[PDB]
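Data block below; observations after.
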Amino acid sequence: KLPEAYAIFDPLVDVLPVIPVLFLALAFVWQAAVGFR
Amino acid sequence: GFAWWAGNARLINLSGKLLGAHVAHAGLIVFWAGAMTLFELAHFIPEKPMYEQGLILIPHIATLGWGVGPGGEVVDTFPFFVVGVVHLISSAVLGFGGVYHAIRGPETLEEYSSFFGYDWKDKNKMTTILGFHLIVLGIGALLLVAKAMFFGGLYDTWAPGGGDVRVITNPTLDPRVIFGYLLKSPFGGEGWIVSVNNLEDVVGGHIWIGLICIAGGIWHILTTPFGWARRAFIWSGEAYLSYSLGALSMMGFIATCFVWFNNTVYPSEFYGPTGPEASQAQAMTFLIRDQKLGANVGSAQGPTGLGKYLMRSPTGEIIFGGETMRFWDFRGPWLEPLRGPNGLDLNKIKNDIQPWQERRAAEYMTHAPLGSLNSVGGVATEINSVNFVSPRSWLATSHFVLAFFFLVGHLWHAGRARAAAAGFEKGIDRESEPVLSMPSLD
Amino acid sequence: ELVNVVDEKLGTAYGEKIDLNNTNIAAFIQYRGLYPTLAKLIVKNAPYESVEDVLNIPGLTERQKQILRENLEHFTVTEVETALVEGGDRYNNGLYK
Amino acid sequence: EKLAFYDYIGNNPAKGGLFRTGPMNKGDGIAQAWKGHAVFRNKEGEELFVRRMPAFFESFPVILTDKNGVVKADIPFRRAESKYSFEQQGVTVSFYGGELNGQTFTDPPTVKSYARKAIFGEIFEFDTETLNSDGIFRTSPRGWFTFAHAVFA
Amino acid sequence: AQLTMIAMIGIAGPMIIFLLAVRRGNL
Amino acid sequence: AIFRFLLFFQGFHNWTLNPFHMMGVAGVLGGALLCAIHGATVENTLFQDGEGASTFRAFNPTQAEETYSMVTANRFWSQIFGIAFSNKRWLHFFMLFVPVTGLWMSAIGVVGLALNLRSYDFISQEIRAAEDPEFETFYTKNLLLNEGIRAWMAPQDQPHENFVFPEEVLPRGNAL
Amino acid sequence: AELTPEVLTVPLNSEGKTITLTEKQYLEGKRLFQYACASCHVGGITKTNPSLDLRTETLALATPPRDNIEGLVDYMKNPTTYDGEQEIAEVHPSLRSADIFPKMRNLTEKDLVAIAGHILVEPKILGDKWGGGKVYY
Amino acid sequence: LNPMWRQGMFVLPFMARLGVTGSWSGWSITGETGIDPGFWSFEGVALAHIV
Amino acid sequence: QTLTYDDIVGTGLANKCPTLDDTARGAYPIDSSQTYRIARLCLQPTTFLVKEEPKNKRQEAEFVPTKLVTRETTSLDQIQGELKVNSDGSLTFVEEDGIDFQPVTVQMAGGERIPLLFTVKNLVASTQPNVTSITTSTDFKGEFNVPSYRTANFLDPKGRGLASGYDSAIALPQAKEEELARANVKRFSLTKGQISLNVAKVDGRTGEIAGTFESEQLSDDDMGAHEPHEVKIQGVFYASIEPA
Amino acid sequence: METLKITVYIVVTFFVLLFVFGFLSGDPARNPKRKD
Ligand code: CLA
Ligand code: CLA
Ligand code: CLA
Ligand code: CLA
Ligand code: CLA
Ligand SMILES: CC1=C(/C=C/C(C)=C/C=C/C(C)=C/C=C/C=C(C)/C=C/C=C(C)/C=C/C2=C(C)CCCC2(C)C)C(C)(C)CCC1
Ligand SMILES: CC1=C(/C=C/C(C)=C/C=C/C(C)=C/C=C/C=C(C)/C=C/C=C(C)/C=C/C2=C(C)CCCC2(C)C)C(C)(C)CCC1
Ligand SMILES: CC1=C(/C=C/C(C)=C/C=C/C(C)=C/C=C/C=C(C)/C=C/C=C(C)/C=C/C2=C(C)CCCC2(C)C)C(C)(C)CCC1
Ligand SMILES: [Fe+2]
């Protein structure tokens, strides 16, 4: 468990590891926006 | 002239934007290391072995001597939190520099400054960047040495009395030992560098490597490649990438075997037992049970004529019988007390097996690194109930896949770099097709 | 003259009760208080000429002696069959679950 | 005997093999005589029934049931925890009709030997020497014709 | 739940693209 | 359910031993090989018909010219493998022929299995093994596996048969 | 079919008193059995000693009888061999040996009743599968 | 009582005539067992002709 | 001074019995008032001889040499037992326990493999009377048991066995079984062997002895499928004697 | 067996050296277009 004073953040921490995956997906939203140029 | 799906090739000659790509990507790596550690800590339960909990980063920290005490018991989780926080915080700094250099900074660096700018074909400048990074790497290897010798030591699974954190005061410097590993066979009973089985050799190897890397860094800052090297290599950014992909591939296959066989720098206390270890522990377990019931395990002939519990290896050593005969090269701290000069010692087996050895064998047999993709532990025919896949299987399989794909990438980019260097990567010139100017084969 | 001796043995009291000279040690779990302690002693001290001989195993407490008397009717003895006692097969006959 | 011979799996056309060539006689032999109908009983006089081989199975275990389908005897694979052996259950076989009419057999190896044959249905005496029969079932003209014509179609 | 944060975080990325293709930026 | 079908065919029909399945395997695996090797060959014998690093753009569906060099392809394969295609028509007919023929061959074998007309055994091997308990081959090892499959899956896979196999009749090796 | 109180009614002691578990207790018991025991006792067998299973009839013939809540709760505190002659806390998880089996440290008395009830209920649901091993998978 | 000439051997005697008498299998035509003929065994002579 | 596992592992030395100094020509005295044990008996074979078959019955077959194909897996070691003094001053060793068997297969000329269970199980071996000192001329002679090379669970390649397995040739469902009976019905042999141990070195200080052995026993009969061969084994031995 | 071991060591060393020195002998230049 996290130290008690950061306990407030458990549910955010459960999500942080996945964020680098989102950068890959963001690369495709960006390319969709400029028309796969 | 690249398409969108090859879009990062448009950066080959944009040193400034390429710097941003690299530094932003570095932020992603450090971000994952921090976020993943905090995720693992948030889920960590101290009363369960690490390896029942899907942990791969906390074991790496524990192995450095932080957070653990005798036997591998977790005593203080704060060092884990710190490691994760500091990595996570640091990733914002790298992300900041990355997106600044990728989006706002000078697109090319050659104009802003001759020191940071580079031409891929500038053999002097390329070896100087290489030299700097070699020095950095050498310093990094010496940090491990610093930790082991001056800042608390490392976790030593071989420590007497169950394993413990131990300061390394006499690292191995003898180059016959250090480089002797590099010359051992990679086959069974030898294991190349994967067989390193004590922390003195681990730390001394890192002294050597740190010095070697610093010396070679200085060498490459100060020299230019000799003619024989100039004529052997392709000098282009894609070529350099291909060389590094080959090296990463090699390293990944090695890492795969390390985590599958080595129980010294991947202590089984944290990572779970190795495949060989678990197999040996099964035979130990039933030797113990049966002997307690009165069986004479030394004289018990099994169905095949070979000993049911004990037999000889091909060079005569007394070893566990059954199929685990294949794993007799296994060495582990719970088992070595029973080993004499000729292998397993029948008198120690009869007289000196201790409860803690019984417990450890039973634990390791029931935590063998077998399990399904949906994390049902055990052999493929087992029913649902146990949620377990060994960290060793997760780390071995992942790094095999990555190493394989990087070898493919090596081949892809090495072949392309050669073809582009000679000028035919976009296809055959219709008007100058080489084969049309060669004699026919028949 | 060509007969399977294990099949033959199933036609004796071996096929009906715990044979103190042949049966694998795991069978002694079928009755209370016999496994593992007494079972270990019984097997180590075989062979027996009569079921009653088990009571003369040196060292039996009087509790142990009483447990045997309770269970003598579940025991038998037949001739030792080499195929069943060689290989340490009374301690581990290769059968698990 | 002609009716009994139909009630025998060796004449089932789905017991053959693609490369087991020649006549059915080359496999099980030339049938000479019905041995008689085998009746199995345990030591408590209850009549037991051999479970017949289904056509799907190249090999099949020997399981004896009572009239209600309850397993009462078998030929065990692992002997050590055997409950239903012929030796333990006192299984006998008696013949009615045929060559063995009115004979009863009680020695377990002989009884097992007929139970091995009863999974095939009715029990026949075969001449295996005349054609050097190899003991392995072949299909009939009904099988070969069907095969050829389904494939050509 | 956890699905609150992953929603705020998940929208950050498309939000950036949207604001830039509306303010016709250097996309 | 199809996975179960595969395994049924192994244990009951010894389908892997059937030469018609084997011809099917060769046509399917041979087809995938032809697919891969032809596509790679074309992609690595392309003519430079445009300046881009993405070579897809330099093709025009109405151009009459071949987009890759049969001549260079033929030389490469002749020198690598010994033989090569020289006739584009034969090449693409062969690509039709191989997988279609393989599938047709497997269908014939299954028609045989409709009748239990299996390639289950080799008689010579069985005669020797019955007489000589030291004779062992991968063929005999696989029949033991089939025997395991049949006894262990039949009661649940064929519930209408009401198979009751007591523990003592299940074939099992030592310990397992 | 469902999880009725009849199935959830198990012997409390050797004197014939019974106790009816709730569905909550049973599921808690199952979860805890997976946490602390299934690594060796999946499906009611014992991987490190298959001669001894968790079938009710086996437990009934243990000394102290273990086919009831009290006998099982005691076993989890102070395990013995099957004939009761020797205490085996140093090689079998128990509260007595929670120092060397850390998963036992956070088990409460109520958790012990739930585990014991799961062990007694499951053969009522699964029959021969409980303790019977791969033959019955 | 079962020499090579009873067994229809035709080339075996021509090898034996000029000094090849043993097999890599460890037998010799004179009945001696446990002999190492070196390469020029019956098998080695045969292999040399194939090559 | 002695060696560690990591000095020995992989060398072949683990399959070798301890040797005694060629100076060790003493005598170890025996007090009928004391009791003794063999704390370690080691037997290391160096030669496997197999008897041939001479077609007729008027020339008699010889013991021929064989090649080992199962590597350095042959020695018996850690054997222990009572060394008893009899009324007549003879000594009798009674084997109790140890690594007292090794399967071996040797190959004869022509390529026949001959498996055997090299063993001294249940060894009882006795000296001449009036020993009173173990010397470099003391000989022990005895007999041991040779169980079947495979034990009862062993399944042949068609699944037939003694304690497990099929009882018929299931691949030949309607073949005549009478011809197959020898292969179908397994049986468990138990035969006797003979051994001579010849003491040629004695360290009186330490109780260690060493010398030469010759053993004679039968080979594997593959659970009654075929007739066994007669085998003669020669090698060296080492033993350590202790007061009880 | 030691004669065999030595022979193979020598044969393997020889081929491996051919390989290493062959690719060090200006291999990039051995193509049909630009040789540099
Ligand atoms: C780690 C992954 C990675 C990285 C670091 C890069 C980096 C880069 N790419 Mg590549 N690319 C990638 C993956 C990646 N790419 C993938 C997966 C694809 C396939 C779709 C491509 C396809 C692709 C193409 C087709 C092109 C590039 C180009 C570029 C460069 C210019 C992009 C630009 O101006 O966008 C402008 C985009 C924006 C203004 C939108 C917002 C982008 C920002 C950075 C999002 C950051 C969000 C983050 C939460 C901020 C934290 C801030 C905090 C630290 C303070 C840049 C260096 C271009 C190039 O080479 O230029 C010559 C180009 O043409 N990329
Ligand atoms: C290897 C990565 C790398 C490289 C090669 C460069 C290279 C460059 N940057 Mg970039 N930068 C980086 C990372 C990198 N930067 C990061 C991580 C950030 C975010 C903090 C930035 C933010 C940044 C800005 C805002 C600007 C540049 C600029 C420049 C240029 C001049 C730099 C200068 O004069 O500093 C000279 C040297 C120093 C100032 C000394 C700094 C000493 C460092 C900080 C100590 C080492 C740190 C250590 C490794 C970390 C320890 C670990 C810790 C987590 C515990 C040059 C092209 C400038 C530019 O391009 O102008 C157009 C500019 O304005 N950079
Ligand atoms: C990331 C690390 C790195 C990289 C990429 C380079 C790259 C380079 N070095 Mg430098 N070098 C480094 C580290 C590195 N170096 C370090 C740390 C040192 C200090 C020891 C040196 C010392 C050094 C010298 C002294 C020289 C170079 C030279 C060169 C150039 C030619 C290299 C070559 O032909 O290799 C290809 C390798 C060979 C042809 C020989 C192969 C030998 C190995 C050991 C065989 C083993 C193969 C086997 C299958 C793998 C298992 C390993 C085994 C030992 C167990 C090239 C630019 C040369 C140059 O031009 O200098 C200016 C040169 O003469 N380097
Ligand atoms: C350090 C690693 C590294 C680096 C820096 C590069 C860099 C580059 N590569 Mg190389 N590549 C690598 C490794 C690397 N590669 C590996 C390991 C392989 C073998 C797999 C390749 C194979 C490869 C090919 C085949 C090609 C390149 C090309 C290129 C160029 C443009 C790439 C681009 O824009 O991608 C843009 C990114 C995308 C289109 C996204 C791809 C998405 C991947 C395939 C899926 C990832 C999903 C992941 C497994 C998890 C999913 C799990 C779940 C959600 C299901 C660029 C110079 C191109 C080239 O030659 O240019 C010169 C090209 O044609 N690369
Ligand atoms: C409709 C056709 C037909 C049928 C159903 C029968 C049926 C029978 N015949 Mg008769 N027969 C026929 C035609 C037929 N025959 C013809 C045309 C001849 C002349 C050659 C004979 C000559 C003949 C003799 C001489 C004998 C029989 C006998 C028998 C019996 C045993 C058959 C047997 O063992 O098959 C075995 C069948 C096989 C082993 C199958 C062969 C599979 C082929 C070779 C596959 C080839 C695949 C191909 C090469 C793939 C390439 C395709 C692609 C890649 C290009 C059976 C009742 C026997 C008997 O009992 O007589 C009393 C007997 O001795 N037959
Ligand atoms: C260029 C580009 C790209 C890329 C990008 C990148 C890759 C980026 C990166 C970036 C990054 C890499 C970022 C990072 C960030 C981070 C941060 C921002 C952090 C934060 C932190 C915090 C805030 C913390 C908190 C805490 C603490 C302190 C303690 C514990 C708890 C918690 C966790 C809460 C793309 C492809 C998209 C597109 C195109 C262009
Ligand atoms: C740390 C450590 C250690 C140590 C280590 C070390 C010391 C290492 C080293 C290492 C090294 C020392 C390595 C090396 C490597 C090398 C390589 C890897 C190379 C390669 C090469 C190549 C690749 C080449 C190629 C080529 C050719 C052949 C021809 C021409 C062309 C070219 C150039 C391409 C130890 C174990 C003790 C322990 C633990 C830790
Ligand atoms: C019929 C007849 C006859 C005749 C016959 C004859 C004339 C035969 C011939 C035969 C022959 C005449 C045979 C041959 C054989 C041969 C062989 C068998 C060969 C082999 C070869 C090889 C295999 C080779 C290989 C190689 C190469 C090519 C190269 C490299 C090296 C090597 C060696 C690897 C007569 C008149 C007597 C009469 C009776 C009948
Ligand atoms: Fe095409």
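Using ideal geometry, Cβ is built from the backbone for each residue, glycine included, and neighbour counts are taken over all protein chains shown. Since every read-out is calculated from the coordinates, none of them should be taken as a lab result.
What to note about this one:
- The range B:16-53 - residue that is within 14 Å of ligand 4 (Cβ to nearest atom) and more than 25 Å from the chain's Cα centre (by Cα) and, of those, nearest to A:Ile19 (Cα to Cα): B:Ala21
- Test set (1) within 16 Å of ligand 7 (Cβ to nearest atom); (2) in contact with a helix residue (DSSP H, G or I) (Cβ under 6 Å, 6 or more places away or on another chain) - B:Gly140 fails condition number: (2)
- Being within 14 Å of chain J (Cβ to nearest Cβ), within 14 Å of ligand 7 (Cβ to nearest atom) and either out of contact with any helix residue (DSSP H, G or I) (no Cβ under 9 Å at 6 or more places or on another chain) or over 25 Å from B:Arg416 (Cα atoms) (or both) holds for only one residue in B:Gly204, B:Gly227, B:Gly210, B:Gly180, and it is B:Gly227.
- Of the helices (runs of 4 or more DSSP H) lying entirely inside the range F:2-121, those carrying at least 1 residues that are within 14 Å of chain B (Cβ to nearest Cβ), of a type outside the set (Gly, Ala, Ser) and within 16 Å of ligand 4 (Cβ to nearest atom) are F:19-43.
- Any hit, the range B:247-261, residues being touching a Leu at 6+ places or on another chain (Cβ under 8 Å), within 12 Å of ligand 7 (Cβ to nearest atom) and polar (S, T, N, Q): yes
- Filter result (under 11 Å from the mean Cα position of the chain (by Cα) and more than 7 Å from every other protein chain (Cβ to nearest Cβ)) within the range C:23-37: C:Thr23, C:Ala27, C:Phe28
- Just so you know, in the range I:100-116 the residues that are touching a strand residue (DSSP E or B) at 6+ places or on another chain (Cβ under 7 Å) and not in a strand (DSSP E or B) include one that is surrounded by the most Cβ atoms within 10 Å (Cβ to Cβ), and it is I:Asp100.
- Here D:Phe60 passes the criteria (1) crowded, with 18+ Cβ neighbours inside 10 Å; (2) free of Cβ contacts under 8 Å to residues at least 60 places away in the same chain; (3) under 21 Å from C:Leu10 (Cα atoms) except the one numbered (3).
- Lone qualifier among F:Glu126, F:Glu131 - being surrounded by fewer than 19 Cβ atoms within 10 Å (Cβ to Cβ) and either within 11 Å of chain I (Cβ to nearest Cβ) or at negative phi (or both): F:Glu131
- Condition met for B:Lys48 (within 15 Å of ligand 6 (Cβ to nearest atom) and either surrounded by fewer than 19 Cβ atoms within 10 Å (Cβ to Cβ) or more than 10 Å from chain A (Cβ to nearest Cβ) (or both)): no
- Any hit, the range B:305-328, residues being more than 12 Å from chain I (Cβ to nearest Cβ), of a type in the set (A, V, I, L, M) and within 39 Å of the chain's Cα centre (by Cα): no
- Tabulated pairs, the range B:1-15, first at the interface with another protein chain (Cβ under 7 Å from one of its Cβ atoms) and away from ligand 9 (no atom under 16 Å from the Cβ), second part of a helix (DSSP H, G or I) and among the aromatic types (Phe, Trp, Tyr), C-beta under 9 angstrom, 6+ apart or interchain: B:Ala3/F:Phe56
- Test: residue in the range F:161-168 that is assigned to a helix (DSSP H, G or I) and under 20 Å from F:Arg4 (Cβ atoms): yes
- Cβ pairs under 9 Å, 6+ apart, first in the range B:110-121 and free of Cβ contacts under 8 Å to residues at least 60 places away in the same chain, second among the aliphatic types (A, V, I, L, M) and within 16 Å of ligand 7 (Cβ to nearest atom): B:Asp119/B:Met126
- Restricting attention to chain J and to residues that are under 10 Å from the mean Cα position of the chain (by Cα), aliphatic (A, V, I, L, M) and within 13 Å of chain B (Cβ to nearest Cβ), the residue that is farthest from B:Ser432 (Cα to Cα) turns out to be J:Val20.
- Within the range C:9-22, being away from chain D (no Cβ under 12 Å) and among the β-branched types (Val, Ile, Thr) holds for one residue alone: C:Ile18.
- Scope the range I:65-99; condition free of Cβ contacts under 8 Å to residues at least 40 places away in the same chain, touching a strand residue (DSSP E or B) at 6+ places or on another chain (Cβ under 7 Å) and in a loop (DSSP other than H, G, I, E, B); matching residues: I:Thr70
- Any chance C:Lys17 is touching a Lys or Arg at 6+ places or on another chain (Cβ under 9 Å) and surrounded by 14 or more Cβ atoms within 10 Å (Cβ to Cβ): no
- Number of positions in the range I:186-221 that are surrounded by fewer than 21 Cβ atoms within 10 Å (Cβ to Cβ), within 14 Å of another protein chain (Cβ to nearest Cβ) and among the hydrophobic types (A, V, I, L, M, F, W, C): 2
- Residue in the range F:102-118 that is among the polar types (S, T, N, Q) and touching a residue at least 24 places away in the same chain (Cβ under 8 Å) present: yes
- Yes/no for H:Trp40 being surrounded by 11 or more Cβ atoms within 10 Å (Cβ to Cβ), more than 14 Å from every other protein chain (Cβ to nearest Cβ) and not in a helix (DSSP H, G or I): yes
- Qualifying residue in the range B:76-84 (condition: exposed (fewer than 14 other Cβ atoms within 10 Å of the Cβ) and in contact with a strand residue (DSSP E or B) (Cβ under 9 Å, 6 or more places away or on another chain)): yes
- Residues in chain E that are of a type outside the set (A, V, I, L, M) and either touching a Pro at 6+ places or on another chain (Cβ under 7 Å) or not in a loop (DSSP other than H, G, I, E, B) (or both): E:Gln2, E:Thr4, E:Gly10, E:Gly13, E:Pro14, E:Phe18.
- Boolean, F:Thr101 is within 30 Å of D:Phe19 (Cβ to Cβ), polar (S, T, N, Q) and more than 16 Å from ligand 9 (Cβ to nearest atom): yes
- Hits in the range H:12-33 (condition: away from chain I (no Cβ under 14 Å) and either closer than 15 Å to I:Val64 by Cβ or surrounded by 12 or more Cβ atoms within 10 Å (Cβ to Cβ) (or both)): H:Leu12, H:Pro13, H:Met15, H:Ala16, H:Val20
- Boolean, D:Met24 is buried (at least 21 other Cβ atoms within 10 Å of the Cβ), under 30 Å from D:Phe147 (Cα atoms) and not small (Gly, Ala, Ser): yes
- Only one entry in B:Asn262, B:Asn296 is of a type in the set (S, T, N, Q) and within 12 Å of chain I (Cβ to nearest Cβ), namely B:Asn296.
- Within the range D:2-37, the set of residues being aliphatic (A, V, I, L, M) and more than 14 Å from chain I (Cβ to nearest Cβ) comprises D:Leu3, D:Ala4, D:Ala14, D:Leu18, D:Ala33.
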